[PDB]
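Student: quick check, what structure comes out for this input:
(7 chains, ligands or ions: 47)
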Amino acid sequence: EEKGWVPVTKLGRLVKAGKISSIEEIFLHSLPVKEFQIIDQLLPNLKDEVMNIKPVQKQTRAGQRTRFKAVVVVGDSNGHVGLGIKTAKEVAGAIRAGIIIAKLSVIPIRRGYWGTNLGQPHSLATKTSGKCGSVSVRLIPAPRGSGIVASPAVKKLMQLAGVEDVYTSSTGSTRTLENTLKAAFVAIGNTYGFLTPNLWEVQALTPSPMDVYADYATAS
Amino acid sequence: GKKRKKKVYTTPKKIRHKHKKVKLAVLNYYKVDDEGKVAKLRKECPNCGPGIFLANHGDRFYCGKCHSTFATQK
Amino acid sequence: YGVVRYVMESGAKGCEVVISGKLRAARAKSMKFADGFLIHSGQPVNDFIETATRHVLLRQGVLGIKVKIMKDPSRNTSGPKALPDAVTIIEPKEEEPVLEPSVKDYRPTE
Amino acid sequence: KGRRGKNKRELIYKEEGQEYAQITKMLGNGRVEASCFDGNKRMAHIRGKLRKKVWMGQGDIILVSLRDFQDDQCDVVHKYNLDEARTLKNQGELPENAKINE
RNA sequence: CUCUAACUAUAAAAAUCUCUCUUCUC
RNA sequence: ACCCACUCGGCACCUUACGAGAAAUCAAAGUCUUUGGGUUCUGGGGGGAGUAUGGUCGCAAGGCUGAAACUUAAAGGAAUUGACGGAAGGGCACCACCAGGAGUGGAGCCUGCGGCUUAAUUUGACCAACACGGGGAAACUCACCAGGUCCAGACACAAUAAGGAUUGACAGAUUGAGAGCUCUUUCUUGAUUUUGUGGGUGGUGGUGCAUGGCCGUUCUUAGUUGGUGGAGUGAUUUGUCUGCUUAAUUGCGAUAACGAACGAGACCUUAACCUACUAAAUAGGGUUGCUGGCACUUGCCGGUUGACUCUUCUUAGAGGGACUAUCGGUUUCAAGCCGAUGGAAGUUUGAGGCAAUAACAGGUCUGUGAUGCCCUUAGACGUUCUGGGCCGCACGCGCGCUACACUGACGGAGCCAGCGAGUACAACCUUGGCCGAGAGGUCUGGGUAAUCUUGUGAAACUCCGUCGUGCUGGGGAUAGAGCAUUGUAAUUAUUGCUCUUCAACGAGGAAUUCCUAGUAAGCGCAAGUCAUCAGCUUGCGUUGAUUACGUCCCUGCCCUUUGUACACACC
RNA sequence: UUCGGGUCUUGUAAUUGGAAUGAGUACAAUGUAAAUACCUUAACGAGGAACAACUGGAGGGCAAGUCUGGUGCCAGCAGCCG
Ligand SMILES: [Mg+2]
Ligand SMILES: [Mg+2]
Ligand SMILES: [Mg+2]
Ligand SMILES: [Mg+2]
Ligand SMILES: [Mg+2]
Ligand SMILES: [Mg+2]
Ligand SMILES: [Mg+2]
Ligand SMILES: [Mg+2]
Ligand SMILES: [Mg+2]
Ligand SMILES: [Mg+2]
Ligand SMILES: [Mg+2]
Ligand SMILES: [Mg+2]
Ligand SMILES: [Mg+2]
Ligand SMILES: [Mg+2]
Ligand SMILES: [Mg+2]
Ligand SMILES: [Mg+2]
Ligand SMILES: [Mg+2]
Ligand SMILES: [Mg+2]
Ligand SMILES: [Mg+2]
Ligand SMILES: [Mg+2]
Ligand SMILES: [Mg+2]
Ligand SMILES: [Mg+2]
Ligand SMILES: [Mg+2]
Ligand SMILES: [Mg+2]
Ligand SMILES: [Mg+2]
Ligand SMILES: [Mg+2]
Ligand SMILES: [Mg+2]
Ligand SMILES: [Mg+2]
Ligand SMILES: [Mg+2]
Ligand SMILES: [Mg+2]
Ligand SMILES: [Mg+2]
Ligand SMILES: [Mg+2]
Ligand SMILES: [Mg+2]
Ligand SMILES: [Mg+2]
Ligand SMILES: [Mg+2]
Ligand SMILES: [Mg+2]
Ligand SMILES: [Mg+2]
Ligand SMILES: [Mg+2]
Ligand SMILES: [Mg+2]
Ligand SMILES: [Mg+2]
Ligand SMILES: [Mg+2]
Ligand SMILES: [Mg+2]
Ligand SMILES: [Mg+2]
Ligand SMILES: [Mg+2]
Ligand SMILES: [Mg+2]
Ligand SMILES: [Mg+2]
Ligand SMILES: [Zn+2]
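Tutor: Residues are numbered from 1 along each chain as shown, chains lettered A, B, ... in the order given. Ligands and ions are numbered 1, 2, ... in the order given. For reference, the structure is listed below:
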């Protein structure tokens, strides 16, 4: 691969110069991401799988315009997930664009403990929920070694998350696959979005690494 | 854009005019004079050359090497 | 796509390949695979765009392939060197205007 | 609407369980009733490949196949368009008690 | 940084419609 | 009574989502998976059906209560894009109309369909089929029909078989045949064959609803599309727009849009303008020779491969020239639109050629040795030969032709073009001199081409005469005879010419076509087809107009808004 | 320098051997009231180990065929979509 890449998007300049060791500070400081090789460079271990491609059809005066909407999911199996939804004319182009979208939308997870912790927390910290369309998805912490009790789609999403045991409870028209995946995704993104006790104390409000390295960005 | 009817024939048959497998026409052609001279039979072709025997039909001896050339009365 | 990628690699500024026939099925189909850009109308269509058509014999029948290649006008010998509407403004050389009075003298020459 | 469509034939004789019949009236739902030339009024169903491809109407000699288990009903197969019907009357395979002309 | 003015004037009748519905995988 | 700042209560409203919802939307339809304020009453797919029955109130109408058997994979909700709308808005088009012009539809002819008939009248198209398949078929073309030949069945194997696989055959019978097709006979021929099995060819056989290619149409309009970006859960949307402007999604602009691509334009061919250039016996002109006629003044008109010279005219290269130029109006003064002048040209200068995305079950296997599949492959759907038809006739329909006459017909006389094309392995264009009334033939010519046909001396038209309102000298079909010409072959008349016959026809109902300047219309000519054949067709030029220079009323088209139970989309 | 040793392994062969053994028989004994049967065990009892595994299904739902031939909106299949 010839990954030439003039830096765009100062974040990109910093990562290319190597000032960003990994995504944690990005996610810490809520940095905007618009390009994918940032995820490629920082996380060299993204696995991906095209969940489903749907023929999406529009009606025009001359026959019907057909496109393909791919719903693809990328992850590391170690606590990072992204979901790409993308339509395009050719199937392969759709899949590649969806891959890029998913890498753009990588979101972290809070792998918690079902109780009486041990090494390497397996389950989710707290019950979370996510709504997309009629799909309301419940994620519940699960005892170690109970597996991923979930529908195949969200089960695969969980597997890409790296979580080992979670309970799921869906309601609505989960037949709609993109809605289901998107709901489960927003829910798993909500895993941080829940002030747990053990996280009480005020933090130090670290300077933005993207700020203090301004002089390496904005190529002269 | 059409279906064809079978070619029904009001004609009994016409078969290949089979050539006749002649058994030893040369004994018919020649005549041996007792371990010596040998004569030929019924003519020799002057239009074609020596050795080509002619045809016996009636009131005319006929060619067939150069068929149309020689058919003369004798 | 290998063909079109090769065409782009070769430096032409636009490629198109069209395949019609029984693509894996019975009902006729015709898919187009294009990249860059191609001009369709106007005499430059003959001036630059090469075109070829071939019939391919597959077990189910015949597949029509059409190839269109839009040659780069810059490297087009024996013809116009650019598109009809390609306007090339030229950068004017700059000079410093401070030399107002500047009386000058050369030696007289025969 | 011929562009949506699939886009001098000969007669066919009845063969061991089928008969020429004359439609007496056209019944609804796609059915029909025809007199078979046996002194009987049978109930014919307009078969597929036939429904809205080639039409038929009253007073038209038409081929119908019987169903071996229930003689009281039958299904119509092949239509005859008013000129080989005269030929059918000529060849005498079916009784000529029913002449149809306008 | 001072405001609230124009306006027109038509209709008659037109009912129905036989098929054939067919994939998106790199 | 008002003004202000209030506050309590009421109908409500606007903005927004940071909450909800599936959304439309809601300040409650929020405080609901992070699921619990208190409470009543309703529903569990749609139909059956608020129907059956029993109660109950009512005079009656009927109300409340209230099923089931059974029948189905949907019904339904909201929104999206299209289509559609006898919905709205703003723009367009002589394949729409207006003003009109020319007509077609009436007549006879021709030609193509249908129908009928036939052995065959071979076939495919039903705005975008019908003078189309270049389809102007006498043999062929060939597809159909009556018939006769032949195998153009490679190759593999087996089988016969060299005491011959076999082929060919005069003459006769027989055949339309002078076909050894078949036969009588006899001959000739020699391993290329023959007959069985595969196998392969061939096919204007079928299947354009298997297909490629091809063009036609949707669609002569101006419309398409992706990349990040925003909106939506999404179908998608914005960019592609409120306005004005243009022929144009053409620009001015305004703008959750930004920059880009196709289409339009730009571009190419042609038409025009170049006393500027380059030149020219395959184009012209001047002077000047040598000659003809006349006037005689040295003037004209002519001829002339003489000499010199020239290039305006004719050619074709380089180029030049216009871009709305200049000015006056109008225009949020911008996009442009209008008017005058200059000009050759001021409609995109006129006419064109290419011409986007998507699509059609549009046509074409009958153009192809483009082609899948299927069919046939020896008395054949192969191929060939003879003859018939494709052109038949109770009828209807579409292109066109000649006419209905006086702006005419017929005689004379005048005498002007522009696109072409043209003989080779064969035979074209044909000048001229002959003859014939004519078609024509004849002998010599020139021309493989600005050279010759050719200045294609064309028609309408122009001038002078005859005819005279008469179905008449209009009209020329239908009809006999003759002379020729192409053709192996003209009968079922190829075509031309000569004479005679002279029919139908009185400006053509409802309808309907085409068209805005060198235009319509009239008028021919050249080329395709061609041996011979046009009424067709492409192109060309000539004589050359009436009437608009506008509008959505009919028929459609663009886009926007809106409504929909439509999506095979108002058939 | 192409190699090719298969150098190390895996599979695939109507090639090819010798092992091992039960289902079945069956001496017996045990087992039982008597017995069957089991649990043991003599001797028998595998080559195609014919000592033979069926039942449904291969468009989706849903794992598996765009293989062959047949029928040709018929027969039929299909819980639904078809
Ligand atoms: Mg363009
Ligand atoms: Mg069709
Ligand atoms: Mg039926
Ligand atoms: Mg009716
Ligand atoms: Mg119900
Ligand atoms: Mg009801
Ligand atoms: Mg009651
Ligand atoms: Mg609705
Ligand atoms: Mg009019
Ligand atoms: Mg006329
Ligand atoms: Mg007429
Ligand atoms: Mg016919
Ligand atoms: Mg049209
Ligand atoms: Mg002819
Ligand atoms: Mg003929
Ligand atoms: Mg013939
Ligand atoms: Mg024959
Ligand atoms: Mg052919
Ligand atoms: Mg088609
Ligand atoms: Mg986007
Ligand atoms: Mg849009
Ligand atoms: Mg253009
Ligand atoms: Mg000049
Ligand atoms: Mg001005
Ligand atoms: Mg033009
Ligand atoms: Mg177009
Ligand atoms: Mg074929
Ligand atoms: Mg043939
Ligand atoms: Mg004809
Ligand atoms: Mg008529
Ligand atoms: Mg026509
Ligand atoms: Mg006259
Ligand atoms: Mg005259
Ligand atoms: Mg001329
Ligand atoms: Mg003349
Ligand atoms: Mg007269
Ligand atoms: Mg005339
Ligand atoms: Mg023609
Ligand atoms: Mg106008
Ligand atoms: Mg019209
Ligand atoms: Mg529908
Ligand atoms: Mg209707
Ligand atoms: Mg067994
Ligand atoms: Mg089965
Ligand atoms: Mg089985
Ligand atoms: Mg499967
Ligand atoms: Zn001889």
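Student: do stretch A:117-131 and RNA strand F meet at all?
Tutor: Yes. Judged by C-beta under 7 Å from any atom of the strand, stretch A:117-131 comes into contact with RNA strand F at A:127-129, A:131. C-beta coordinates here come from the backbone N, C-alpha and C atoms, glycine included.
Student: swap in stretch A:187-197?
Tutor: Yes. Using C-beta under 7 Å from any atom of the strand, stretch A:187-197 reaches RNA strand F at A:190, A:193-194.
Student: quick one, strands of chain B?
Tutor: B:30-32, B:38-40, B:55-56, B:61-62, B:71-72 (DSSP state E).
Student: what is the second one packed up against?
Tutor: Put plainly, it is strand B:38-40. strand B:30-32 (3 or more C-beta pairs under 8 Å, 6 or more residues apart in numbering or on different chains; DSSP states H and E).
Student: and the strand it packs on, does that touch RNA strand F?
Tutor: No. Using C-beta under 7 Å from any atom of the strand, strand B:30-32 stays clear of RNA strand F, with a minimum separation of 10.8 Å.
Student: that strand - contacts with which helices or strands?
Tutor: When contacts are defined as 3+ C-beta pairs under 8 Å, 6+ apart, strand B:30-32 sits against strand B:38-40.
Student: can you list contacts of the strand it packs on?
Tutor: Residues outside strand B:38-40 that contact it (C-beta atoms under 8 Å, 6 or more residues apart in numbering or on different chains): B:29-33, B:53.
Student: make TSV from the residues of stretch A:187-197 next to RNA strand F and add distance to residue C:59 and neighbour count to it.
Tutor: Supplementary listing: the residues of stretch A:187-197 next to RNA strand F in TSV, determined by distance: C-beta to C-beta, whole Å; neighbours: other C-beta atoms under 10 Å in any protein chain shown:
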residue	distance to residue C:59	neighbour count
A:190	56	16
A:193	59	11
A:194	61	13
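Student: what's the burial count for the residue of chain A found nearest chain D?
Tutor: Ranked by C-beta to the nearest C-beta, the top residue of chain A for proximity to chain D is residue A:63, at 14.6 Å. The number of residues packed around residue A:63, counting by other C-beta atoms under 10 Å in any protein chain shown, is 7.
Student: related to what we said a few turns ago, quick check, nearest of the residues of stretch A:117-131 next to RNA strand F to residue A:149?
Tutor: residue A:127 (13.8 Å; C-beta to C-beta).
Student: so what's that closest one up against?
Tutor: A:138-141.
Student: ok so, going back, out of the strands of chain B, which is the most enclosed?
Tutor: Burial of the strands of chain B is given as mean neighbour count (mean count of other C-beta atoms under 10 Å in any protein chain shown); strand B:61-62 ranks first at a mean of 18.
Student: show me what that strand is packed up against.
Tutor: So strand B:61-62, by 3+ C-beta pairs under 8 Å, 6+ apart, packs with strand B:55-56, strand B:71-72.
Student: so which of those strands is nearest RNA strand F?
Tutor: With C-beta to the nearest atom of the strand, the closest approach to RNA strand F among the helices and strands packed on strand B:61-62 belongs to strand B:55-56: 3.1 Å.
Student: which outside residues touch the closest one?
Tutor: Contacts for strand B:55-56 (C-beta under 8 Å, 6+ apart): B:42, B:61-64, B:71.
Student: and if we set it to 7 Å?
Tutor: Applying C-beta atoms under 7 Å, 6 or more residues apart in numbering or on different chains, the contact partners of strand B:55-56 are B:42, B:61-62, B:64.
Student: just the closest of the residues you listed to residue B:24, please.
Tutor: When those are compared against residue B:24 (criterion: C-beta to C-beta), the nearest one is residue B:42, at 15.9 Å.
Student: tell me the spacing between that closest one and chain D.
Tutor: 62 Å (C-beta to the nearest C-beta, to the nearest Å).
Student: and for that residue, the neighbour number?
Tutor: Neighbours of residue B:42 (other C-beta under 10 Å): 12.
Student: can you report how many residues neighbour the residue of chain B found nearest RNA strand G?
Tutor: Across chain B, no residue is closer to RNA strand G than residue B:3, which sits at 16.8 Å (C-beta to the nearest atom of the strand). When neighbours are counted by other C-beta under 10 Å, residue B:3 registers 7.
Student: can you name the residue of chain B nearest to chain D?
Tutor: For chain B, C-beta to the nearest C-beta, closest residue to chain D: residue B:3, 6.7 Å.
Student: stretch A:198-206: end-to-end distance?
Tutor: End-to-end span of stretch A:198-206 (C-alpha to C-alpha, to the nearest Å): 20 Å.
Student: show residues contacting that stretch.
Tutor: Against stretch A:198-206 from outside (C-beta under 7 Å, 6+ apart): residue A:28.
Student: and it, does that touch RNA strand F?
Tutor: No. If you take C-beta under 7 Å from any atom of the strand as the test, stretch A:198-206 misses RNA strand F, and the best it gets is 13.9 Å.
Student: ditto for stretch D:70-86
Tutor: No. Applying C-beta under 7 Å from any atom of the strand, one finds stretch D:70-86 separated from RNA strand F by no less than 7.5 Å.
Student: same deal with stretch A:58-69?
Tutor: Yes. Residues of stretch A:58-69 are located near RNA strand F by C-beta under 7 Å from any atom of the strand, namely A:58-63, A:65, A:67, A:69.
Student: how is chain A partitioned into domains?
Tutor: Taking CATH domains of a matching chain as the reference, chain A has its domains at A:4-108, A:109-202.
Student: residue C:61: which of the ones you listed is closest?
Tutor: Here domain A:4-108 is closest among those (C-beta to C-beta), at 22.8 Å.
Student: got the residue ranges for the helices in the chain?
Tutor: You didn't say which chain, so I picked chain A. A:11-16, A:23-29, A:37-42, A:91-104, A:152-161, A:177-189, A:209-212 (DSSP state H).
Student: not what I meant, chain B
Tutor: According to DSSP H, the helices that chain B contains are B:25-29.
Student: near ligand 3, which residues of it are found?
Tutor: Contacts of chain B with ligand 3, taken as C-beta under 5 Å from the ion, are absent.
Student: tell me which residue of chain C lies closest to RNA strand F.
Tutor: residue C:64 (1.8 Å).
Student: check for me that that residue belongs to a helix.
Tutor: No. Counting by DSSP: H, G, I helix; E, B strand; the rest coil, residue C:64 falls outside a helix, being strand.
Student: partners of the closest residue to it other than its chain neighbours in the sheet?
Tutor: Spatial nearest neighbour of residue C:64, excluding adjacent residues (C-beta to C-beta, 6 or more residues apart in numbering or on different chains): residue C:20 at 4.6 Å. For residue C:20, the beta-bridge partners under DSSP bridges are residue C:30, residue C:64.
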